[PDB]
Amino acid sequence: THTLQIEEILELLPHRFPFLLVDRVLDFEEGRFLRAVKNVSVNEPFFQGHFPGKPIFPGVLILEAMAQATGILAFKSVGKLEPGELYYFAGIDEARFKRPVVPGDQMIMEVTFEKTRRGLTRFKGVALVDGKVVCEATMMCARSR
């Protein structure tokens, strides 16, 4: 098991507060999969804005956390970002939000590589909380410029 703490993540991803959404990496295999953890706390800034009073983690941020997880997986499988290279969310497909995620929840994500063609990469993402599937999506991310 190849875990990554928050210092290694900070060295791999450029995102910073308030848009860094991967707290830990439980395991990963180059070119195959990565499992990461997002701790959901009520002390996060978006919780004062999305439906104030009934705190529920927004689904689009679940998708962003999965996209950052694939970003880690890609930087570990291919090189990290060379000067000028950016890592883009290019598309989303077949995404379903199945169960609401609330503060106190620990969301475990598994992203797995499907197909690649010149920097364009399709992934499958699944997010779970306490053994129940909470979200599933197909994503495509590109490296460019």
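All residue numbers refer to positions in the sequence shown, first residue = 1.
Looking at mean Cα B-factors across 116 to 124 and 63 to 71, the upper value is held by 116 to 124. Relative to one another, 30 to 38 and 80 to 88 have unequal mean CA B-factors, and 80 to 88 is the one with the higher figure. Per the PDB entry, 53 shows the highest C-alpha temperature factor of the residues 45, 53, 103, 100.
Per the PDB record, residue ranking by Cα B-factor puts residue 140 in the highest third of the chain.
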